[PDB]
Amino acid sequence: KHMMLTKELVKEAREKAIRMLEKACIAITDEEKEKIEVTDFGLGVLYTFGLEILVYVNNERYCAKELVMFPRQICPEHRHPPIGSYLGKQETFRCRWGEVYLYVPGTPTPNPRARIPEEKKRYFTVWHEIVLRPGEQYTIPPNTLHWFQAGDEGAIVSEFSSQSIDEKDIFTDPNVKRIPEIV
């Protein structure tokens, strides 16, 4: 069934993300702990498709975030398009802990590490693999299709970017709604 993001699911996920941040020695304030965003992308299977996000700062000039991912959690394929005169978000990912499998346009990598549910494979169209372990980075230019899945222990991945406007992101999966609906 097309399941639902509940308050209890959100609380459970927020607490798990906080433990992961603490394990990686990343200090976060009590106020920030309350502002960790939990999204299941409107797909109803948070532990399959989902992200736990801390926004450190986001303004017209720049943005920085911490993306926390549970084991094998997937961020559905999307891109950050131009918005009016804004070029669109460019971002640099830096893995801080665990490992993540990032996919961008290019020649399909053989034997990719990511495992996508069979019924959703149609909504993953780019297959050039970049594996990031702690300390490693990759930069995604604006309006570029990408998606990612954490490894079997999960991941913490920093974002450094231009202004973020999540509401304007374009997803390949037409079922995705970026902004959560918590019951």
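Numbers for residues come from their place in the sequence shown, where the first is 1.
Once the C-alpha B-factors are averaged per stretch, 12 to 20 and 157 to 165 rank with 12 to 20 first. As the entry records it, the average C-alpha temperature factor is higher for 28 to 36, out of 28 to 36 and 135 to 143.
Of the candidates 95, 102, 87, 75, the one whose C-alpha carries the top B factor in the deposited record is 87.
Annotation for residue 115: C-alpha temperature factor in the middle third relative to the rest of the modelled chain, per the entry. Sorting the modelled residues of the chain by their CA temperature factor places residue 63 in the lowest third. Split the chain's modelled residues into thirds by C-alpha temperature factor. Residue 51 is in the middle one. In this PDB entry, the Cα temperature factor of residue 126 sits in the middle third of its chain's modelled residues.
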